[PDB]
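Heads up: the structure comes next, in structure tokens.
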There are 4 protein chains.
Amino acid sequence: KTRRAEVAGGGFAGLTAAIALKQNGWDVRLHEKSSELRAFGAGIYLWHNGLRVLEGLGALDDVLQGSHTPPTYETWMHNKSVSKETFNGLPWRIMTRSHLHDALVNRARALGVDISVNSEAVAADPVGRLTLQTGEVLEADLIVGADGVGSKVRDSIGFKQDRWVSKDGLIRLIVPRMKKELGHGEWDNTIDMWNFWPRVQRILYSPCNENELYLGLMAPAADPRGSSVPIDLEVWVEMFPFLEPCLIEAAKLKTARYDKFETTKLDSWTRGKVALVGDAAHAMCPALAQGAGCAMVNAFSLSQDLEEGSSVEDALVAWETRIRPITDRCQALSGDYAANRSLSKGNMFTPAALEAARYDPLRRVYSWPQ
Amino acid sequence: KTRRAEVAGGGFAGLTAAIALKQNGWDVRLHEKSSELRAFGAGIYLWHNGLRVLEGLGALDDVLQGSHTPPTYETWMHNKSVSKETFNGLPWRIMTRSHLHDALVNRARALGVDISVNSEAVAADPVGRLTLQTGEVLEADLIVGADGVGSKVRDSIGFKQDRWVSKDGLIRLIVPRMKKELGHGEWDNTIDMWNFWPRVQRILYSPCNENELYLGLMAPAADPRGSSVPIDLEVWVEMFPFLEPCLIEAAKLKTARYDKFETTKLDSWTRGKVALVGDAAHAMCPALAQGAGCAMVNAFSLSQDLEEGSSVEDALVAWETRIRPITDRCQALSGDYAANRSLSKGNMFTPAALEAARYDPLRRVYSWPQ
Amino acid sequence: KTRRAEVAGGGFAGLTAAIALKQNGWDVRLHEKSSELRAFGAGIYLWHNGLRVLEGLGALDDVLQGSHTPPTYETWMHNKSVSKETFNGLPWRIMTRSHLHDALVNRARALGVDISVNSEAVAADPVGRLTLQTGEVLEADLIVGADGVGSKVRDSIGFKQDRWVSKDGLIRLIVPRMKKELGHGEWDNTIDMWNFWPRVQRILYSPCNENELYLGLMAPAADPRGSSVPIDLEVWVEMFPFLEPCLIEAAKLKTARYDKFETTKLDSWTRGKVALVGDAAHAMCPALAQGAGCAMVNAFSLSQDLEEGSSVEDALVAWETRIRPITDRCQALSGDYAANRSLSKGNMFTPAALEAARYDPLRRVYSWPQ
Amino acid sequence: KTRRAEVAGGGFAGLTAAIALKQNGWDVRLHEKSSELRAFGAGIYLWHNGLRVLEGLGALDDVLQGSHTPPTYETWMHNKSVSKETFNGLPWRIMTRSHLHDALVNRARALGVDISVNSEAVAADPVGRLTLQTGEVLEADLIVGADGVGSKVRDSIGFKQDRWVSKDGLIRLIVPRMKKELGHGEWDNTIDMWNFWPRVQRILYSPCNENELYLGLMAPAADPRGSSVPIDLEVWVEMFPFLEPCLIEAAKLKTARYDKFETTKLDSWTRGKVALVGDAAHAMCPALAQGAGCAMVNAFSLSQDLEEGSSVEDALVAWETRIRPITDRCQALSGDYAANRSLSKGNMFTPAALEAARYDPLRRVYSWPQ
Ligand SMILES: Cc1cc2nc3c(=O)[nH]c(=O)nc-3n(C[C@H](O)[C@H](O)[C@H](O)COP(=O)(O)OP(=O)(O)OC[C@H]3O[C@@H](n4cnc5c(N)ncnc54)[C@H](O)[C@@H]3O)c2cc1C
Ligand SMILES: Cc1cc2nc3c(=O)[nH]c(=O)nc-3n(C[C@H](O)[C@H](O)[C@H](O)COP(=O)(O)OP(=O)(O)OC[C@H]3O[C@@H](n4cnc5c(N)ncnc54)[C@H](O)[C@@H]3O)c2cc1C
Ligand SMILES: Cc1cc2nc3c(=O)[nH]c(=O)nc-3n(C[C@H](O)[C@H](O)[C@H](O)COP(=O)(O)OP(=O)(O)OC[C@H]3O[C@@H](n4cnc5c(N)ncnc54)[C@H](O)[C@@H]3O)c2cc1C
Ligand SMILES: Cc1cc2nc3c(=O)[nH]c(=O)nc-3n(C[C@H](O)[C@H](O)[C@H](O)COP(=O)(O)OP(=O)(O)OC[C@H]3O[C@@H](n4cnc5c(N)ncnc54)[C@H](O)[C@@H]3O)c2cc1C
């Protein structure tokens with residue numbers, strides 16, 4: 001009589017789903033393909049919507065401890081400050097990926113979610129069968145495809161989809177704050193430092209706490225120096241001379257990668273007892289920093305619709321219908337912003353842009369009016 | 001079998017108590033002595049702790065709509081900016097008194113709390129009798145003394161107490177923002193503008209929204225010009241020339257008052273079926289802006305301890321024991337700050353100062369670590 | 001026994017020569033081709049070297065009255081201030097062309113220099129004959145070719161020369177200061193506002209006094225909108241939105257012209273009794289603002305070498321040899337700066353750049369060390 | 001037939017007089033009471049009027065080399081910048097006393113002025129006799145009393161006079177610039193840092209060149225800590241924390257003195273062949289920094305009136321009548337400013353205040369209109 005859930009993927013969407021289900025009394029197993037539990041991408045921004053999921057999950061406290069809300073979100077064009085935005089009090093937070101990952105993992109273990117590493121889902125059956133690459137076949141009343149842009153839960157079933165892998169990307173790193181060495185300035189701020197002249201180079205400057213700074217170094221793939229890993233110090237120091245102490249530390253990082261952006265969109269998110277969540281269903285452009293946020297919201301809302309006493313198949317359909325438009329709208333707007341370079345203008349966190357952040361999954365309303 | 005509560009006082013503490021009790025299924029009546037429901041004091045700051053009570057009460061949304069979180073809390077000494085503080089993301093909000101009052105009243109009516117105006121509690125009996133000035137005697141399983149610094153619920157029973165009414169005070173007003181007329185500056189900020197030379201004059205500058213600015217004009221009682229109502233425009237414009245457009249509007253206000261500060265402290269907050277909440281029990285200095293906050297927290301926590309299935313008498317005792325030390329500590333620290341003029345130094349919203357704001361009544365933990 | 005000088009051209013170089021000669025007791029006539037005495041180019045910067053000539057000429061006082069030394073010389077790149085320079089006290093001054101012109105004309109009339117308008121020099125003979133377009137032939141012991149880049153005194157004799165007329169230019173205008181309307185800023189500054197993105201547009205912002213602002217609007221000839229006269233308001237307001245009140249006034253000016261830069265360099269400046277001064281001999285790029293300065297210095301120094309009791313032919317040769325290298329060096333450096341866009345970097349008024357300004361013609365030394 | 005001048009005092013006024021006279025062909029001797037030629041007072045401000053005297057004296061170049069014109073003259077009240085003034089281009093300069101002293105001494109020796117140290121004038125006779133403390137009696141056609149506030153040339157003759165020695169004073173020092181250690185700011189500026197709260201303490205911050213900073217530390221005599229020598233570091237660092245690296249160096253200075261202000265005014269400046277110049281005749285308050293300036297102007301103008309071919313007695317009378325009102329007006333205004341603390345308001349270098357600086361002794365007109 002205990003409902004059994006099998007979750008594929010140990011990213012933010014999967015740990016979120018697993019926790020939310022385990023809290024509602026599901027018997028939950030989670031399968032991570034990688035040989036250990038880890039998050040990639042250096043750092044991450046969360047907002048009101050995502051922090052509310054964390055609250056719902058019983059993991060907000062561990063997240064807030066040792067993370068950072070900057071006094072302001074600042075934008076520069078050609079070293080000239082063009083905007084400072086605080087979103088009329090709307091909560092937000094910057095942290096390392098590991099930090100967010102550890103909190104979710106620790107919460108999941110505390111609740112006794114069963115976790116398997118080196119455990120890859122290769123096939124899913126909408127009647128509630130999951131097949132692992134070991135050949136083990138698992139039965140469950142619910143299957144969660146949270147297995148990322150390359151989701152095998154998705155693709156073994158067949159979902160009508162558009163996927164795009166961009167040619168351009170960025171280099172994400174964590175370095176020491178070097179705050180004293182930076183000298184005079186507002187170095188606790190989020191600072192988005194755009195340039196088109198003399199070259200197209202941009203740094204997103206993002207403190208995670210008193211010790212760790214998150215840097216996104218962005219330049220087109222066609223620029224050999226800017227796209228270089230480990231970082232071509234000279235060309236980054238040249239256009240960002242004030243960040244030299246941090247850029248120096250960044251250049252020691254041999255594991256730096258130039259990762260490319262990637263998006264996915266599906267005509268639907270469910271089939272029978274199978275639900276897709278996160279990048280598996282809706283990877284989007286980084287512009288509004290809502291990829292993990294939407295993923296977590298949708299994962300948490302999935303647990304919610306499963307508490308209505310309908311069949312799992314009906315709940316999944318009601319779930320998509322309820323929650324999806326927020327994601328579609330955010331994905332679209334984020335892609336638009338990316339393509340138009342809209343953030344470069346500053347003051348672009350309009351009410352529409354913040355619609356996803358403003359959403360409170362817990363009470364299913366929009367908060368923090370702008 | 002329905003528990004019956006009688007609440008004396010329609011201030012923030014009383015509306016909070018009434019709502020929280022009505023939500024838990026209490027049959028609730030609230031008695032306001034004044035001939036109509038109204039809040040005095042122009043404007044008010046709330047923090048995380050208080051916003052969480054609002055959430056608990058189902059009234060946060062109406063409060064957030066049309067109120068304001070400044071981008072920063074700034075301090076000036078002699079027109080020189082000495083600090084900017086954002087409390088590492090800790091939520092806060094500025095609003096007019098009416099705004100907070102209307103939200104609570106509207107929520108209370110929506111839940112069907114019975115409200116009586118021109119209804120003054122003059123005597124309370126710890127066995128659960130309340131006597132109104134009309135001579136009507138009401139029975140209830142719980143009596144809430146939320147009737148302010150001059151609480152008759154308190155004094156008709158007899159509580160060992162220290163009360164202090166200060167000689168000094170301030171003039172609190174709401175005027176138009178006049179934002180364009182203010183010209184260049186950071187006019188959405190909270191700005192606490194201290195001066196000791198050439199005179200002791202201070203303005204707390206506090207935007208409530210795009211339309212309404214909340215001003216606290218502070219000068220010692222012994223200064224005839226500064227303490228004057230309606231405001232002596234010349235002496236305020238002189239030391240605050242940049243606020244002239246607002247000060248001009250303020251000087252039209254004939255209802256301006258120089259109210260004095262007032263504190264109360266009691267050796268205990270309960271007797272039998274009677275609980276004291278708010279200024280009735282713990283009026284404090286304005287320095288940490290936590291008078292209404294502590295009041296609301298304590299009122300909401302009272303509802304909480306009444307859900308443990310113990311007698312009302314045991315619940316009230318467990319309530320005080322649980323929640324009081326936060327208030328005692330905040331009151332004390334606030335008085336210290338007031339006396340030492342500690343806020344004038346800037347950067348004084350230390351972790352200890354923010355202890356009350358950091359408290360989350362809903363989950364009974366401290367959040368937003370500093 | 002009274003020495004007789006004939007001067008061709010009523011620009012700054014010619015009025016300077018005429019005055020300096022008349023002060024030393026020369027009988028002086030000056031011939032202006034144009035039908036009236038007037039100066040074109042809206043505004044002008046002078047420096048120490050040029051102000052010392054003015055002093056020597058007895059015309060400094062009229063110049064200082066109603067002109068302007070900005071508190072600082074500021075440079076912007078993409079609306080970001082990149083330098084502020086004050087040249088370690090070295091005197092400088094901004095004024096309208098008319099202002100400088102009127103002072104020289106008034107001084108020349110006061111000394112009784114004979115001035116003829118509609119009087120064009122078409123031929124000069126190194127034995128001391130000047131022919132006017134009326135056919136009048138004048139004899140003199142000295143002939144001054146101060147007749148501009150198209151000097152007929154020069155060309156009727158034949159001077160080995162390189163002349164260059166550029167394709168690019170700028171629009172020079174005088175408009176009201178509109179200082180209040182500009183609002184917050186440092187609007188008494190000289191501000192050199194460079195941009196390469198999103199277009200190559202630059203404004204030199206140059207207050208002449210409390211009433212008059214001198215604007216240089218620079219854009220390549222190949223840009224149809226930027227090079228347009230009267231000014232294409234939209235494309236200038238777009239990249240210089242903070243100057244809108246002035247740009248609005250500027251757009252009313254129907255007489256605005258897009259003048260092109262022009263340079264001249266000759267293997268020598270003298271022949272017999274004929275000397276060439278100013279643009280006739282050494283027109284240069286505008287970068288170091290030393291065209292009129294060098295012209296005036298060289299014109300004043302010519303008067304100086306004529307007081308040594310040598311023949312006029314020997315004096316002219318000693319004159320060139322003495323004074324020319326300063327001009328050659330300044331011309332060259334200015335052309336270099338122009339071509340490299342060196343001023344865009346800011347802080348480029350190095351000691352070498354200021355070498356011409358630092359020169360004191362009166363005492364024949366370099367002053368104001370850097 | 002060679003006119004013979006005897007000058008008492010080797011300060012700025014006496015060296016100025018001596019040089020100016022020696023240039024006009026006077027046979028000049030100068031008597032310095034002190035055992036060596038030296039100037040006290042750490043640093044000094046000069047202006048247009050004084051720099052023109054230097055020019056007239058043939059000593060400007062040595063002065064400009066290794067001295068400093070700040071980009072701006074800034075005023076602070078309670079660490080808040082209240083004004084920045086550049087005097088519409090009017091020349092000025094800051095330098096150490098020694099620097100100004102050495103230039104004058106070197107020029108005087110170069111011209112062959114005869115200089116005697118340990119040579120004190122004790123008596124002067126208006127018929128042209130000077131008596132040295134050695135008992136040597138010198139005859140001359142002119143006697144210059146440039147022997148300071150305690151002038152024996154003055155007092156041995158008897159001049160109706162008011163002298164005032166104030167109770168308050170200041171500590172003048174030269175320390176290293178420590179510019180890097182000062183960090184962010186405008187550290188080449190003259191900065192006049194006023195405070196009345198929490199104490200009456202003021203620093204005049206005055207860079208002399210890239211190596212040397214001139215500091216005036218001012219506090220009332222009645223403050224034991226502020227008036228202390230060597231400096232009470234703690235009380236100066238407390239109110240000027242940003243100057244700590246310099247204040248630290250200043251506290252090593254054992255020769256620091258708290259000198260008091262002193263003024264003198266006489267009903268006349270001449271008697272027969274005797275003229276009084278400088279502090280001997282017109283010591284004034286430091287406020288407009290024109291004590292040495294007026295002294296030098298008056299000393300230089302004395303040489304001027306001696307070239308009119310009248311008797312020395314008539315020239316001296318014409319001299320006083322011509323030049324004195326500028327000094328009387330400047331002295332008076334400076335005393336007013338001192339008493340009213342007028343400079344503390346900022347923007348107080350009005351046209352009237354700058355009247356002395358604006359005066360050009362060389363051409364006997366006022367320049368640099370404001
Ligand atoms: C440059 C960049 C910046 C971004 N910044 C932000 C930001 O600031 N804020 C924000 O909210 N979002 C941000 N995002 C987006 C965010 O990173 C993603 O939306 C989010 O991490 C998606 O998480 P997920 O769990 O759905 O997928 P993933 O994080 O990809 O996780 C799935 C986990 O899947 C495991 N796995 C894969 N296949 C299998 C399988 N077959 N079986 C079992 N396990 C499997 C994967 O290995 C991994 O362990 C950013 C994205 C990019 C590219
Ligand atoms: C200058 C100043 C600034 C302040 N700023 C802040 C701030 O920024 N943030 C903050 O949180 N707090 C602030 N406070 C404190 C805050 O105002 C109080 O702590 C709060 O309003 C107390 O509310 P209460 O409901 O307990 O009492 P009250 O607001 O006094 O309310 C009781 C209500 O009691 C009614 N009543 C009285 N007697 C009877 C009776 N006998 N029978 C029936 N009804 C009765 C009263 O008339 C009224 O309607 C400030 C206080 C001052 C003085
Ligand atoms: C855009 C721009 C900005 C500049 N800015 C500065 C600056 O800020 N500071 C500075 O010092 N310099 C500046 N200059 C350069 C400066 O304008 C010239 O160097 C200066 O005006 C040359 O003066 P001139 O008297 O030699 O020649 P002109 O000013 O050309 O004067 C000669 C006069 O010659 C008359 N004339 C011509 N032919 C005859 C003839 N045949 N017979 C009789 N009369 C004749 C001309 O009509 C006119 O009246 C700038 C130049 C440009 C192009
Ligand atoms: C705090 C302070 C700050 C000041 N700042 C400035 C400033 O910034 N700019 C400015 O222009 N002015 C300033 N002044 C004023 C300026 O210092 C004086 O006006 C100036 O130094 C007067 O010079 P003097 O040569 O007349 O007298 P002194 O400098 O006193 O010189 C006379 C010389 O007299 C020698 N002597 C004295 N008696 C005899 C004698 N009997 N026989 C022979 N020799 C004798 C003295 O010993 C000395 O060598 C300031 C003054 C003060 C107090």
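Residue numbers start at 1 in each chain; chains themselves are named A, B, ... in the order of the structure tokens; ligands are numbered from 1 in the order shown.
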Identify, on the basis of only C-alpha atoms, every residue whose closest approach to segment 169-173 of chain A does not exceed 8 Å; exclude the query and any residue fewer than 6 positions from it along the same chain; express the result as a VMD selection string. chain A and resid 41 to 43 214 to 221 227 229 250 256 to 261
Write down as an MDAnalysis selection string the residues belonging to segment 128-264 of chain C that are assigned helix (DSSP H, G or I) by DSSP computed on the backbone. chainID C and resid 152:155 179:182 233:239 241:250
Atoms to include: C-alpha atoms. Write the selected residues as a tab-separated table (two decimals), in the first residue's frame.
```
chain	number	residue	atom	x	y	z
C	152	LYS	CA	48.71	83.30	-52.04
C	153	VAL	CA	51.71	85.06	-50.49
C	154	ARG	CA	53.15	81.52	-50.16
C	155	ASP	CA	52.01	80.12	-53.50
C	179	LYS	CA	23.37	74.33	-17.20
C	180	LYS	CA	20.33	73.93	-14.95
C	181	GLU	CA	18.67	71.70	-17.55
C	182	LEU	CA	21.75	69.47	-17.63
C	233	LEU	CA	19.31	65.39	-33.58
C	234	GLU	CA	18.19	61.80	-33.04
C	235	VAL	CA	21.59	60.16	-33.59
C	236	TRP	CA	23.37	62.69	-31.40
C	237	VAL	CA	20.79	62.61	-28.62
C	238	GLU	CA	20.93	58.83	-28.74
C	239	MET	CA	24.60	58.53	-27.81
C	241	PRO	CA	21.34	61.69	-23.96
C	242	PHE	CA	22.66	63.87	-21.10
C	243	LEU	CA	23.34	66.72	-23.54
C	244	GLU	CA	19.81	66.77	-24.99
C	245	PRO	CA	18.93	70.33	-23.84
C	246	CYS	CA	22.05	71.67	-25.61
C	247	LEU	CA	21.72	69.35	-28.60
C	248	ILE	CA	18.14	70.57	-29.04
C	249	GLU	CA	19.40	74.17	-29.26
C	250	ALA	CA	22.22	73.07	-31.61
```
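Interatomic distance, atom CA of residue 4 of chain A to atom CA of residue 139 of chain A: 8.0 Å.
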Taking only C-alpha atoms and all ligand atoms into account, report as a compact mmCIF listing (two decimals) with C-alpha atoms, in the first residue's frame which residues have an atom no farther than 6 Å from an atom of ligand 1.
```txt
# COMPACT_ATOMS: atom_id res chain seq x y z
CA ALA A 8 16.42 8.92 -12.57
CA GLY A 9 19.10 11.60 -12.04
CA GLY A 10 20.81 13.16 -9.03
CA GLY A 11 20.76 16.78 -10.14
CA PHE A 12 18.74 19.54 -8.46
CA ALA A 13 15.48 18.45 -10.11
CA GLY A 14 15.87 14.82 -9.05
CA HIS A 31 19.48 6.58 -9.48
CA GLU A 32 22.54 8.61 -10.36
CA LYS A 33 24.48 7.50 -13.45
CA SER A 34 27.74 9.18 -12.39
CA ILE A 44 24.27 29.28 -9.14
CA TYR A 45 21.65 31.98 -8.56
CA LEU A 46 18.36 31.11 -6.86
CA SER A 119 23.06 3.53 -11.63
CA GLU A 120 21.88 4.66 -15.07
CA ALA A 121 18.29 4.55 -16.29
CA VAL A 122 18.34 3.49 -19.96
CA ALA A 146 15.18 13.94 -14.08
CA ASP A 147 18.13 12.77 -16.13
CA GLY A 148 19.17 16.01 -17.83
CA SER A 151 17.38 12.10 -20.82
CA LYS A 152 17.11 8.41 -21.67
CA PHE A 261 24.42 26.54 -23.82
CA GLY A 278 14.19 19.81 -15.29
CA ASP A 279 16.57 19.96 -18.25
CA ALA A 280 15.10 16.67 -19.44
CA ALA A 283 16.49 23.34 -20.51
CA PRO A 286 20.85 31.20 -18.59
CA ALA A 289 18.85 32.42 -14.00
CA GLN A 290 15.75 30.23 -13.67
CA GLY A 291 16.82 26.86 -15.09
CA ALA A 292 17.27 25.15 -11.73
CA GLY A 293 14.48 27.27 -10.26
CA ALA A 295 13.16 22.62 -12.40
```
So how far away is atom CA of residue 29 of chain B from atom CA of residue 268 of chain B, in Å?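 Taking atom CA of residue 268 of chain B as the start and atom CA of residue 29 of chain B as the end point, the length is 24.3 Å.
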Close residues, segment 323-335 of chain B itself excluded, 9 Å, only C-alpha atoms, min 5 positions apart in chain, as a list in words: residues 263, 265, 269, 282, 283, 284, 285, 286, 287, 288, 289, 290, 291, 294, 295, 297, 298, 301, 302, 318, 340, 352, 353, 354, 355, 356 and 359 of chain B
I'd like a table as a tab-separated table: residues in chain D with an atom no more than 10 Å from chain A, each row giving the shortest atom pair and its distance in Å to one decimal, only C-alpha atoms counted, sorted by chain and rising residue number.
```
residue	atom	partner	partner_atom	distance
D:183	CA	A:184	CA	8.2
D:184	CA	A:184	CA	6.5
D:185	CA	A:184	CA	9.6
```
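Atom pair atom CA of residue 192 of chain C / atom CA of residue 240 of chain C: separated by 11.7 Å.
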